[PDB]
Amino acid sequence: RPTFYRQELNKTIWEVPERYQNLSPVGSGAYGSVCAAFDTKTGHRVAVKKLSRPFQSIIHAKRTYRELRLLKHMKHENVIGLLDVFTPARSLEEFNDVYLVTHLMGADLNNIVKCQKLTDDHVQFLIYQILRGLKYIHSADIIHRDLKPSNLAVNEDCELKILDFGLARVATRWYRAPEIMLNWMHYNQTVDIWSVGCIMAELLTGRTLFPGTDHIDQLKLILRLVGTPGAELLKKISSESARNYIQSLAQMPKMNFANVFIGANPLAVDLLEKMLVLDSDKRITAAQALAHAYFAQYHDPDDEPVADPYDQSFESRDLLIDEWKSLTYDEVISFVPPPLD
Ligand SMILES: COc1ccccc1Nc1cc2cnn(-c3cc(C(=O)NC4COC4)sc3C)c2cc1F
Ligand SMILES: CCCCCCCCO[C@@H]1O[C@H](CO)[C@@H](O)[C@H](O)[C@H]1O
Ligand SMILES: CCCCCCCCO[C@@H]1O[C@H](CO)[C@@H](O)[C@H](O)[C@H]1O
């Protein structure tokens, strides 16, 4: 067992192994707080996330378990991965703190579009990396469901990694697929493609595509561009109210994407039209998108790997906080780090 040391950072008390020095706060989310640290064993800076109140309720416990099991499975350059997992606890009784260690990125994508003026080559590389990691995640039968700029970390090298939760230290609805905002509850993997399409449009133009003020304003904005849904889509909406509002709006023709995104790479416009499709059955998948001519300079089919199947069966079980905690402890003690290069 390594030597731990205790220091306080932003009303928060941190107990981390000796090998991580110079703890420096980066930001905070709702489920944890992130610090920068120097890894003496590798000579590289890293990010340490202390989970906030990990076992304070049934929801928190399952969430803690969920993040550990998921991040332990993700082994892909464009998806955040685990370099280390530790807890000062010496036993399961004495277990109540969880720390996760990953690579250290430079910022999130909304801290970059805030500068704006992103070149077209920059959009090809950034979106290609998202899709490439999206393909890996989707091959594991995982849906992100919350893709947004704050969940995309980037380096000054322009390398990108999909986070599970970003820093709140950019409304989520602006990037939500319309079916989620309708509460379909049977979401397709392509709900993430819609979000990617919303993010791409923002990178190319410098403005939020659908800056809706609420969930109802959000759908009116989506309809103004993609157009009122056809009869084939309407018959699939069971909600009379939802169907009533959609049809109640004065019909709006689909806008010419070429004009809305005039000045953009015509190959990018073509991709946006394939992602921003109302029917989720007709949206281009992540794997299909990587083969679009827009990513010709980066597409390498022998270097776009898939993931081993992920067991998500625990998601349905209703367990006690103590059982969620012991399972989390089991995952902590069993973690095997990836080998240093
Ligand atoms: C270990 O944390 C986590 C562990 C597991 C899952 C999620 C997380 N979360 C999480 C992970 C990273 C990894 N890099 N960044 C980061 C650093 C930024 C920054 O300002 N760096 C300075 C420039 O040199 C210091 S911006 C930004 C998005 C992160 C933010 C996170 F919320
Ligand atoms: C690295 C891959 C991240 C997987 C996405 C999990 C993190 C964001 O997704 C989480 O769980 C659900 C996922 O369907 C979302 O609906 C929730 O909003 C969020 O808490
Ligand atoms: C106000 C804009 C109307 C939104 C129409 C959303 C159509 C989404 O598409 C639908 O996704 C469903 C799952 O979510 C699938 O079950 C359907 O097969 C698919 O057509």
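Whatever order the structure lists them in is the order used to number ligands and atoms, beginning at 1. One-based numbering along the sequence shown.
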Visitor: Among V34, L83, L104, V46, which residue places a heavy atom closest to atom 31 (C) of ligand 1?
Guide: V34
Visitor: What residue and atom, counting heavy atoms only, is the protein's closest point to atom 2 (O) of ligand 1, and at what distance?
Guide: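 Atom 2 (O) of ligand 1 sits closest to the protein heavy atom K49 CB, 3.1 Å.
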Visitor: Considering heavy atoms of the protein only, find what lies nearest to atom 5 (C) of ligand 1 and give residue, atom and distance to 0.1 Å.
Guide: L71 CD1, 3.3 Å
Visitor: Can you figure out which of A47, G29, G81, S33 has its heavy atom closest to atom 1 (C) of ligand 1?
Guide: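 Looking at heavy atoms only, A47 sits closest to atom 1 (C) of ligand 1.
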Visitor: Evaluate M105 for polar contact with ligand 1, using N/O atom pairs at a separation under 3.5 Å.
Guide: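 For ligand 1, there is an N or O atom that lies under 3.5 Å from one belonging to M105.
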Visitor: Classify the contact between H144 and ligand 2 as side chain, backbone, both or neither, using a heavy-atom distance cut-off of under 4.0 Å.
Guide: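 Under 4.0 Å from ligand 2, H144 contributes backbone and side-chain atoms.
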Visitor: Which of the numbered atoms in ligand 2 are under 4.0 angstrom from any heavy atom belonging to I143?
Guide: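 Here the atoms of ligand 2 in question are 13 (C), 14 (O).
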Visitor: Would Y128 and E304 count as a side-chain hydrogen bond (donor to acceptor under 3.5 Å, both in side chains) if you check the C-alpha gap in whole Å, the side-chain angles of each, and the deciding distance to 0.1 Å?
Guide: CA-CA 10 Å; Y128 170 78; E304 274 142 20; 2.6 Å; yes
Visitor: Check each of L223, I222, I180, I237 against atom 2 (C) of ligand 3 and report the one with the nearest heavy atom.
Guide: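 The option holding the nearest heavy atom is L223.
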Visitor: Which one of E179, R283, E232, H186 has a non-hydrogen atom at the shortest distance from atom 13 (C) of ligand 3?
Guide: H186
Visitor: Would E67 count as being in polar contact with ligand 1, using the rule that some N or O on each side must be under 3.5 angstrom apart?
Guide: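 N/O-N/O distance under 3.5 Å: no.
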Visitor: Would you tell me whether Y187 and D192 have side-chain atoms, one donor and one acceptor, within less than 3.5 Å of each other?
Guide: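 No, no side-chain donor-acceptor contact under 3.5 Å.
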Visitor: Please determine if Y187 has a nitrogen or oxygen closer than 3.5 Å to a nitrogen or oxygen of ligand 3.
Guide: no
Visitor: May I ask you to identify, for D164, whether its side chain, its backbone, both or neither come under 4.0 Å of ligand 1 on a heavy-atom basis?
Guide: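 Side chain only.
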Visitor: Quick check on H103 - does any of its heavy atoms sit under 4.0 Å from an atom of ligand 1?
Guide: yes
Visitor: Should you measure from each heavy atom of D164, which atoms of ligand 2 turn up under 4.0 Å away?
Guide: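 Matching atoms, with element in brackets: 3 (C), 7 (C), 8 (C).
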Visitor: If the contact criterion is a heavy-atom separation under 4.0 Å, does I80 count as touching ligand 2?
Guide: no
Visitor: N/O of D279 under 3.5 Å from N/O of ligand 3, yes or no?
Guide: yes
Visitor: With a heavy-atom distance limit of 4.0 Å, tell me whether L71 approaches ligand 2 through its side chain, its backbone, both, or neither.
Guide: neither
Visitor: Pull out every atom of ligand 2 sitting under 4.0 Å from any heavy atom of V79, numbered as shown with elements.
Guide: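 Taking each heavy atom of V79 in turn, ligand 2 has 1 (C) under 4.0 Å.
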Visitor: Starting from atom 23 (C) of ligand 1, find the nearest protein heavy-atom neighbour and note its residue, name and distance.
Guide: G106 O, 3.8 Å
